[PDB]
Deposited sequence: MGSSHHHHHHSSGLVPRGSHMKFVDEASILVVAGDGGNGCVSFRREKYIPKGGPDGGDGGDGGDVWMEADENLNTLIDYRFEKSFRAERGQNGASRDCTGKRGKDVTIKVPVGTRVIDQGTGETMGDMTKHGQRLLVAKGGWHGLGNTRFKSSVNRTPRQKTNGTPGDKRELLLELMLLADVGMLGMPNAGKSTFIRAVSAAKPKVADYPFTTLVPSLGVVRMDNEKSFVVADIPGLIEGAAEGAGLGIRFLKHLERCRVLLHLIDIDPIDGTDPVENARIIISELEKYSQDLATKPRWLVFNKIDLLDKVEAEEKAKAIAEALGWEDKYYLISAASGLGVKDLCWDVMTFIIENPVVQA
């Protein structure tokens, strides 16, 4: 049966801090009688931690920043003054992220709940100052090196945003235009004719997954099991975008097309049909600006659609970034609960 999965992947480098070094010193004070060793120990190096964050949706930021370095521990000083510990680094990933050690290929951990932490690079240990060698010792040790590790990060992706619409509305054009990356498909016998998913990156820590719903529900290569598995994680889907070709040359009338799409949606699933749904009119580049607005207002009027709708050209980019920021806003404002 149906096993297709979409997997987000990133490879990053994590480097913990080295230990600070030990110090060699002695108290040589005029009436305070002895030689007295007094060199302090170094500080331990800083650690690298991964932390699960339920507000992140994808691993997209780790395609761009790929290297993380915690701080070296401080050297020891006189008066048995032990060096300050090096500062830690925490790297945030979505809930569901599996963390693999790419050197050894072993799974280090799975980030299954909010605020959960995983140590991925242990900092070096402090050097010892001469005070530790006592029986007037002139020896000290250096701090040990911080772990250096390449991590493979893997995350099964579920749709945050669904596209709806007729064939040739511009759904895959839209998806490809907004996508910073295409996730890899796993457990699917074929390699062609995959439904369209994309990861949208708006800015740091601000991303979402967009999917073409008809590709998923039509059991095109995987059969009817795929749409059921889509429905299984529907709670991750915050909003649907009903994409409408504003002037179909195919002669078709946008109002009736819109009605067929709605009706098919309601038949398939009542939860899917009650999701927030926004009208988005596409291919406005073909028309003059004011004419597009008329045509759109008229279609909205005829559907009894009272909400705000959008006008865009998925081809040229007109209105697309504004739409994506409104989707990002909605997402940030409606976390899954």
Legend entry - Missing stretches, numbered from 1 on the deposited chain sequence and kept in order: 1-17, 153-156, 359-360
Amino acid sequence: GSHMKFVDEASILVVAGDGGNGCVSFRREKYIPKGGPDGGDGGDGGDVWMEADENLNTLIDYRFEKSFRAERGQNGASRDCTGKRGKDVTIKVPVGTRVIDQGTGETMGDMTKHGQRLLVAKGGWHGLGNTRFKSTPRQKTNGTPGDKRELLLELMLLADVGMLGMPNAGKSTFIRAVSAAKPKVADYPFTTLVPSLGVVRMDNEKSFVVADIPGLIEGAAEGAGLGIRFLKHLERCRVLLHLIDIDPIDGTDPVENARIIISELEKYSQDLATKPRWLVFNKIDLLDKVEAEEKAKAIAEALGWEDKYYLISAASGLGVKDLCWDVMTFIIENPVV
From here on, numbers count along this sequence of modelled residues.
Inset, instruction - Determine, for stretches 111-119 and 229-237, which one has the higher mean CA B-factor as deposited. - result: 111-119
Legend entry - 301-309 versus 54-62 - which carries the larger mean C-alpha B factor in the record: 301-309
Inset, instruction - Between 74, 204, 168, 179, let me know which has the highest C-alpha B-factor in the entry? - result: 74
Inset, instruction - Check the PDB entry and point out which of 279, 296, 272, 70 has the largest C-alpha temperature factor. - result: 296
Inset, instruction - Sorting the chain's modelled residues by C-alpha B-factor, tell me whether residue 196 ends up in the lowest, middle or highest third. - result: middle
Legend entry - Ranked C-alpha temperature factor of residue 23 among modelled chain residues, by third: highest
Inset, instruction - Please rank the C-alpha B-factors of the chain's modelled residues and tell me whether residue 190 sits in the lowest, middle or highest third. - result: highest
Legend entry - Third of chain Cα B-factors occupied by residue 88: highest
Inset, instruction - Compare the C-alpha B factor of residue 220 with those of the other modelled residues in its chain, then answer lowest, middle or highest third. - result: highest
